[PDB]
Amino acid sequence: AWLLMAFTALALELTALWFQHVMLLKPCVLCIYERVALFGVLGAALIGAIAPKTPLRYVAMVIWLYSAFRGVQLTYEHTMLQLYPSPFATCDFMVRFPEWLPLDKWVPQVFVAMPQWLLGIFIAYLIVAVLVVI
Amino acid sequence: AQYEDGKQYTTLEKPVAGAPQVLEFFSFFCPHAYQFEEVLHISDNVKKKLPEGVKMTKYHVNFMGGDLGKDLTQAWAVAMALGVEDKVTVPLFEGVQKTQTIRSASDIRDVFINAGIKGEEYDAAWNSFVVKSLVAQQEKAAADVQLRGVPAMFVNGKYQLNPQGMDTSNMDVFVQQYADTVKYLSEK
Ligand SMILES: COC1=C(OC)C(=O)C(CC=C(C)C)=C(C)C1=O
Ligand SMILES: [Zn+2]
């Protein structure tokens, strides 16, 4: 089951990290939110959970759970706010991240040199969390 | 007592000595906050609860539009420098989306004149010592309490409320809740 997500992770890890390079940095924050979540959960899955294709097999559900939860809410949010400008909402950059956890943005993001579409992928991947369980 | 830190005000890590009693960092363009001050006029609705007579302050931020951000900052500082902040505030605030003046200095200035103020004042303030001190004061003010780039009103040494901590079920009364936290921090 590892290679199953690794194929997309290998390409998705890079592809996601690809189309954000020379294309012209174009940094933000909410951007880093899905990126740190997208990479964290996809990795946590292959990097670990997605490996025991035979026992209790259910370590990934928790990992996938977080993927979309954040994903769906990272997709279905600021985006809607954009056409319905609301007070609490505003602009931002970088965004803090206590509990140490090295760089996080100071590198995962800046370590390089229309996103609306991105919204559909996560919203879709959401159901993948349930079916994959087996 | 059902009321505690976390879902009312964000607890900073270090206050800024000598900093204004109540200071708001906002932008003239980019944030949805446009409604914050233009629609809910929170800075205005909230000032109405002035406790004991605490004075409020308004600051602009440097992000977005590199030079434009900084340029608008001077403009805002120029406003505070003339003392004619309230009058030009809205016209210039509303001047961004509803007039689209985001251009050069001489342009950004032109609308400033249009706000019903005489140029003889704006001219001196364009570079005067007072203005230079004010533009820097912004950045500094923000930097002392690490902003990030969002609308937030901090209270004398105290912290700013958590807009996401409160509730959003009464766009109207929301000011009261927004204003209940500020009042408390002022003398408590
Ligand atoms: C809203 O935040 C994001 C972007 O906006 C600047 C992106 O461009 C990208 C990358 C864009 C492409 C076309 C791969 C991602 C992944 C993202 O989360
Ligand atoms: Zn109105």
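Just so you know, the numbers here start at 1 and follow the chain as drawn.
How was it done? The header gives solid-state NMR.
For all residues, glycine too, the Cβ spot is worked out from N, Cα and C.
Which of A:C31, A:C91 pairs with A:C28 is settled by Swiss-Prot: its disulfide partner is A:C31.
Outside the topological domain 'Cytoplasmic' (A:53-58) by six or more residues, the chain places 1-2, 133-134 with a CB less than 8 A from a CB of the stretch. For the disulfide-bonded residues A:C28, A:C31, the largest tally of other C-beta atoms within 10 A is found at A:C31. Under DSSP, A:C28 (disulfide bond) is assigned to coil, being neither helix nor strand in the three-state scheme.
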